[PDB]
């Protein structure tokens, strides 16, 4: 149904996050042991290592154009690095518990982070100030993401909700700044992940109910489209295939599953005998995927 063409594998202690560089053949991998690796997956070479956290590092992301990346740790810190000069530029402090995700905005000079402290924070990485604290979730915020073209954020929480936030107010300035638009109800256990489709008005969410839910939205409403059923343990992560009508999910059941976007039927399951999956991502341009698991990271194509 589909074959996995493995292009590169790192054997390491448990990996939590991975981020593709947009133009270079690199991935960052953030590890349970607190260290960040920079790999060239075409040569199979470890280019650098970054040690600026204590404990697991779950958040990791490249800036789209700048020589920067950002990391978020269980030590509550959001660190901003320069990978050309190879130094930690500064720490963004404010979160009071584990940082789960951290990403750069594609246009504004912003960093997005979310935390077990029940908040989503938006930082300005030029002023190094926190410019917005999004409150409302009643449990850990496990994931947050910027919309690729609209002034929206989607977030997922162990409070069993997926929230869509309107941050048009924060944008106009350059808490009216952020207002919750949708509190999406559907999961009957905690939600671990949420993702926007790159070009369509779709949302994926996945959680401890073992479900991947597909949502559609307009400017004025949202609705649950369908559910992907089959995982037999917590789903850690999910995403849209950018250029095919497919959904991908990764689970503590030690499988990566591909689903039909239009039918939500199973297309292909990939299994590892001993490794739980903690994260999957897709390259912003190429049909290239990466997955973090108990024994390292793998980069692969799907055919």
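Residue numbers count along the first chain shown, from 1.
Colleague: Checking chain continuity here. Are there deposited residues lacking coordinates between residue 174 and residue 175, and if so is it 1 to 3, 4 to 9, or 10 or more (or none)?
Modeller: Unmodelled stretch: 10 or more residues.
Colleague: Would you determine, from the values in the PDB entry, which of 276 to 284 and 11 to 19 has the greater average C-alpha temperature factor?
Modeller: Higher mean C-alpha B-factor in the PDB entry: 11 to 19.
Colleague: Please work out which of 1 to 9 and 293 to 301 has the higher mean CA B-factor as recorded in the PDB entry.
Modeller: The recorded data point to 1 to 9.
Colleague: Out of 162, 214, 158, 89, which residue has the highest Cα temperature factor in the PDB record?
Modeller: Reading the PDB entry, the winner on C-alpha B-factor is 89.
Colleague: Specify which of 71, 126, 227, 115 carries the largest Cα B factor in the deposited PDB entry.
Modeller: Highest CA B-factor of the listed options: 126.
Colleague: Hey, what third does residue 193 fall into on Cα B-factor, ranked over its chain?
Modeller: Lowest third, going by the recorded CA B-factors of the chain.
Colleague: Lowest, middle or highest third: where is residue 31 by Cα B-factor in its chain?
Modeller: Tercile = middle for this residue's CA B-factor.
Colleague: Place residue 95 in the lowest, middle or highest third of its chain's C-alpha B-factors, as listed in the PDB entry.
Modeller: Tercile = middle for this residue's CA B-factor.
Colleague: Can you tell me which third, lowest, middle or highest, the CA B-factor of residue 254 falls into for its chain?
Modeller: Bottom third by C-alpha B-factor.
Colleague: State the tercile, meaning the lowest, middle or highest third, of residue 106 with respect to the CA B-factors recorded for its chain.
Modeller: Highest third.
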